[PDB]
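**Student:** in the first instance, please consider these chains from the complex; the rest will follow:
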Amino acid sequence: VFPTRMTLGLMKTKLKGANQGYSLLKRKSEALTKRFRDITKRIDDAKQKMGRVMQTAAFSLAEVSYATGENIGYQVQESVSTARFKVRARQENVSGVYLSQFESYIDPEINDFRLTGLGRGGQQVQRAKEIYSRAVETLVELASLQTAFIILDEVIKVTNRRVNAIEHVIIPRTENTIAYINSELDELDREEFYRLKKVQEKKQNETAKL
């Protein structure tokens, strides 16, 4: 199976490796679970916050459309061919693992849209955009947290697997190998002493007797 001479040197450092590594993986799991509890609570809140911010804005948009006397949304879709509010990806280290985050930046491609001129009713549409540009921004910053949360869930599973793996497989494999080789190695040495001794008793006796 394995060497009967000096498996002890490689095996000794493995064994220590394993228990030391295990302790350490537990701290990394503890940190990952530590953050995980916190974000789960923050994310449920953030869902309602986004719901509301969209809804209050969404209703104002509905009101603006019926009061002026025409449906704007068609005209708005046609005018847009750039996305004003864009995002920049960045990695933030939360725990051991890096999560993906988004920081919105506003780029001045377009300011409003070239469709308002609906006389008196047109001021209702211009103002409607002002209220929505602010609402969308709340959603986007909150939306960043959602991304990290999915990323944490994927990592925890790899991490739970490792903590089990070390304890259950590695540590008893090191134990069985080290002890079995130790026991065979000492045996070779002991029998030799007995064989040297056995012939020396024969010698001693022969000398002694006349």
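**Tutor:** Nice, I can see it. Numbering: from 1, shown residues only, chains lettered A, B, ... in the order given.
**Student:** what about the strands in chain A?
**Tutor:** A:85-93, A:98-106 (DSSP state E).
**Student:** contacts only, for the closest residue to residue A:139 other than its chain neighbours.
**Tutor:** Spatial nearest neighbour of residue A:139, chain neighbours left out: residue A:50 (5.0 Å); criterion: Cβ to Cβ, 6 or more residues apart in numbering. In short, each C-beta sits where N, CA and C put it, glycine included. The neighbourhood of residue A:50, defined by Cβ atoms under 8 Å, 6 or more residues apart in numbering, consists of A:138, A:139, A:142, A:143.
**Student:** over to residue A:180?
**Tutor:** Residue A:180 neighbours (Cβ under 8 Å, 6+ apart): none.
**Student:** change it to 10 Å
**Tutor:** By Cβ atoms under 10 Å, 6 or more residues apart in numbering, the contact list for residue A:180 reads A:1, A:2, A:4, A:7.
**Student:** how near is it to residue A:2?
**Tutor:** 8 Å (Cβ to Cβ, to the nearest Å).
**Student:** and if you look at residue A:99?
**Tutor:** 43 Å.
**Student:** neighbour count for these two, which is higher?
**Tutor:** Higher neighbour count among residue A:99 and residue A:2: residue A:99, with 21 against 10, using other Cβ atoms under 10 Å.
**Student:** how many other residues sit next to the closest residue to that one other than its chain neighbours?
**Tutor:** Among residues not flanking residue A:99 along the chain, residue A:148 sits closest, at 3.8 Å (Cβ to Cβ, 6+ apart). Residue A:148 has 20 neighbours, counted by other Cβ under 10 Å.
**Student:** how near is residue A:148 to residue A:194?
**Tutor:** Taking Cβ to Cβ, one finds residue A:148 at 69 Å from residue A:194.
**Student:** to the structure above, add chain B:
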Amino acid sequence: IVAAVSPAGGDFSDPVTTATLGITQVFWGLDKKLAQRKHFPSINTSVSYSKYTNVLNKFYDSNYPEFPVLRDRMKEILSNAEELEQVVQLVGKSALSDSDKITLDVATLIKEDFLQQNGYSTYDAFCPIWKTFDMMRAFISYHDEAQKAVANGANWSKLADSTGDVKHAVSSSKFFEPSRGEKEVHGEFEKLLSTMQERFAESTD
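**Tutor:** Now chain B, sitting on the chains shown earlier:
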């Protein structure tokens, strides 16, 4: 000369086994884990070699079977299976590729159908080099067509459920007495070859 020896507690380094191994040119193994599931005798390829394997295949090729070509792929399959199994253990079956799943299944089948000589009715019946060759044509065929299929886009599940009957048949083939068309090629083994072909095609598109 076929000479049996015994390890001293899983220790193969005991003087008797090492000495006999010194003199031998062929080594055939015996794995404890595999005997517990009932597959004794249990010979793999990382505990066994034969120097005669090279000349022996040349002589079997002549007699009729395609054996040397199938022997090489067969060796590879077992050798990869062991390594792939260590990843299943530690990492899980989530780090695998689809072709590697294929290697795992075909392997499990080989473990049972050759190595096991344990009954279920009757202790297994005389299987020649000719019989043995047919089994190898069906396992090796299963593996090639299935990997092509996954490579070319296809479900794992579709492929394994579909082989189904063919797998039951090879398992139990050895219990049935040799000659069932001929010793050479049995009608029972001949027909599977068609079934794989029909399946491969359904799967692809």
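**Student:** revisit the contacts of residue A:180 given that chain B is now included?
**Tutor:** A:1, A:2, A:4, A:7, B:9, B:10, B:11 (Cβ atoms under 10 Å, 6 or more residues apart in numbering or on different chains).
**Student:** farthest pair within the residues you listed?
**Tutor:** By the measure Cβ to Cβ, A:7 and B:9 form the most distant pair in the contacts of residue A:180, at 16.0 Å.
**Student:** of those two, who's got more company?
**Tutor:** Set residue A:7 next to residue B:9 and count neighbours by other Cβ atoms under 10 Å in any protein chain shown: residue A:7 wins out with 18 against 8.
**Student:** once you drop chain neighbours, what's closest to that one?
**Tutor:** Closest residue in space to residue A:7, ignoring its immediate chain neighbours: residue A:181 at 4.4 Å, by Cβ to Cβ, 6 or more residues apart in numbering or on different chains.
**Student:** for the closest residue to chain B within chain A, give me its contacts.
**Tutor:** Closest to chain B within chain A is residue A:165: 5.1 Å, counting by Cβ to the nearest Cβ. The neighbours of residue A:165, taking Cβ under 10 Å, 6+ apart as the test, are A:22, A:25, B:89, B:90, B:91, B:92.
**Student:** just residue A:133 next, same as before
**Tutor:** Residue A:133 neighbours (Cβ under 10 Å, 6+ apart): A:57, A:84, A:85, A:106, A:112.
**Student:** between the residues you listed, which is closest to residue A:155?
**Tutor:** Using Cβ to Cβ, the contacts of residue A:133 come closest to residue A:155 at residue A:85, 29.2 Å.
**Student:** thought residue A:137 was touching that closest one, still the case?
**Tutor:** Yes. Here residue A:85 reaches residue A:137: they are 6.9 Å apart, a contact under Cβ atoms under 10 Å.
**Student:** need the overlap of contacts for these two.
**Tutor:** A:104, A:106.
**Student:** for the chain, what spans make up the helices?
**Tutor:** No chain was given, so I picked chain A. A:8-68, A:73-79, A:122-165, A:171-208 (DSSP state H).
**Student:** I was thinking of chain B, sorry if that wasn't clear
**Tutor:** B:15-23, B:32-36, B:53-63, B:67-90, B:98-110, B:129-151, B:156-171, B:187-204.
**Student:** include chain C as well:
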Amino acid sequence: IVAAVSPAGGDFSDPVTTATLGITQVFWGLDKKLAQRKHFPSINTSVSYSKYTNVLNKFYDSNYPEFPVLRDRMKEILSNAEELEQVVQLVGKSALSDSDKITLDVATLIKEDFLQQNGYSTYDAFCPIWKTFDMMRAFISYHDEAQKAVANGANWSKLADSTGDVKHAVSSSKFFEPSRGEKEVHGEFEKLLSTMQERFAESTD
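**Tutor:** Same chains as before, plus chain C:
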């Protein structure tokens, strides 16, 4: 007496090696695995000790080298680097503190310039005691600037890349021996020092 000692029981905890370590005062290591990658002598900090250090270092202070300072710091880099390396293997790291990468990085340099030497290339193993002092001086200085830069702000990748040209030169300075004058402290190293500080400023801002 400079004595080589070697295994003889096949262990490292065989009587031969037990008696010799007890009687000796100075041990400088060597590892076989690293030696194969070609970096002999591939000194193990942990098995190495010297009793002579204090009196010998007092002597060297009188002779001109500021040696003792560097020595502790040479040992300190190689020690932390060792530990960090087990942590990269064991956990299977997904990040490192920006300082620790520097420690590992500065240790790699130590490996090349001192530890990698070839006794039949005399351009690649020869330095007088002062030349040795200057090369080590340069390293210990690099570590000293690098630790400060992260502290004042700057990313590791910024530190490594902006330092750049002087990092190549120190790496490649192991291909030299006195041959630009009978002088044991060279312009080669003195120039590097001022340029290194200049590099540091860049990294920081």
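**Student:** take the contacts of residue A:180 again, chain C included.
**Tutor:** A:1, A:2, A:4, A:7, B:9, B:10, B:11.
**Student:** count of residues packed around residue 164?
**Tutor:** Here I'm looking at chain A. The burial count for residue A:164: 11, using other Cβ under 10 Å.
**Student:** let me rephrase: I mean chain B.
**Tutor:** 11.
**Student:** how deep is the nearest residue to residue A:35 once chain neighbours are set aside tucked in, by neighbour count?
**Tutor:** Using Cβ to Cβ, 6+ apart and skipping the chain neighbours, the partner closest in space to residue A:35 is residue A:95 (5.5 Å). Number of residues near residue A:95 (other Cβ under 10 Å) recorded here: 21.
**Student:** and residue A:124, by the same measure?
**Tutor:** By other Cβ under 10 Å, neighbour count at residue A:124 equals 17.
**Student:** check contacts around the residue of chain A found nearest chain C.
**Tutor:** Closest to chain C within chain A is residue A:21: 3.6 Å, counting by Cβ to the nearest Cβ. By Cβ under 10 Å, 6+ apart, the residues touching residue A:21 are A:14, A:162, A:166, A:170, A:171, C:86, C:87, C:89, C:90, C:91, C:92.
**Student:** got it, and residue B:172?
**Tutor:** Residue B:172 neighbours (Cβ under 10 Å, 6+ apart): B:113, B:120, B:121, B:124, B:188.
**Student:** check residue B:29 too.
**Tutor:** Per Cβ under 10 Å, 6+ apart, neighbours of residue B:29: B:12, B:41, B:42, B:43, B:44, B:45, B:46, B:47, B:48, B:49.
**Student:** neighbour-wise, which of the contacts of residue B:172 leads?
**Tutor:** residue B:113 (19 neighbours).
**Student:** for residue A:166, see how far away the residue nearest to residue A:35 is.
**Tutor:** With Cβ to Cβ as the criterion, residue A:95 and residue A:166 are 19 Å apart.
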